[PDB]
């Protein structure tokens, strides 16, 4: 079915906007890896043979990769074949059995899904107690950022996407922000966010120095060069990669040099403040709805994963036992 398959991949290329760029990136990434392994192991990479895919999955595990990562591989390989008319590796008894086995084997060696390191009020006040005083342009900007981040629980991409026009001024000069936190359709279109007398002051400065207010198609956050000189733009926002940096560079300021070699959530990442505001909100007995919403989350099983080591969430059994 070479002509069938040819037609299929042309279909795939013609309507490639059917998937997100990130999806294609991961697809490409898995194929390069699978292909490179087939080459090294003398195997045909396309179509993929059950037995070869199985050996690979084990090679992935022996590489000490996580279950969820091995899934992404299988997943990408399955889609490739499903999208080129060939049988999916998953629908093979040897790949179904081995994934199952590897899954069980890994969870039984302590495979732990990780999450972001909480950036809670305790850290906000702390970093605040360390920078509200500096005249450093990148220090005032970075303070605003973690101010917005923490206050609003907005996704990093949403903080970047922001523009000066998107900012209002409420009760006692408080601030508000017309946003958009939904990959649309049956959801919301936007949401509007408000600040506190605290982070409203922090941002004020950013505005004051950045001088960004000058061209309102401008974005609130912009790069700040080594001379401590900002650089507005209405056509370019700060890279997610940078926002992640403000978080990491900040953990370092307080905790210093990368830690316990090995990686993954060693410092605060872009989701830390959301993971942080959540617990705090839960720690003041707020509401899961007030929260779930407060962060735009739609299907709770995640928020809960965040507030799980908290005493509020201990469980009916501990309640009973402490009569």
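Positions refer to the first chain, counted from 1.
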inquiry  = Averaging CA B factors per stretch from the PDB record, which one is higher: 29-37 or 294-302?
reply    = 294-302
ask   = So which stretch wins on mean C-alpha B-factor, 141-149 or 201-209?
value = 201-209
task = Among the candidates 183, 226, 103, 82, give the one with the maximum CA B-factor reported in the record.
result = 183
message = Looking at 214, 108, 158, 123, which one carries the largest C-alpha B-factor according to the PDB entry?
response = 214
Cα B factor band for residue 281 (lowest, middle or highest third within the chain) = middle
ask   = Would the CA B-factor of residue 264 place it in the lowest, middle or highest third of its chain?
value = highest
query = Mind checking which third residue 275 falls in for C-alpha B-factor across the chain?
reply = middle
ask   = Once the chain's modelled residues are ordered by C-alpha B factor and cut into thirds, is residue 231 in the lowest, middle or highest one?
value = highest
note = Among the modelled residues of its chain, the C-alpha B-factor of residue 42 falls in the third labelled middle
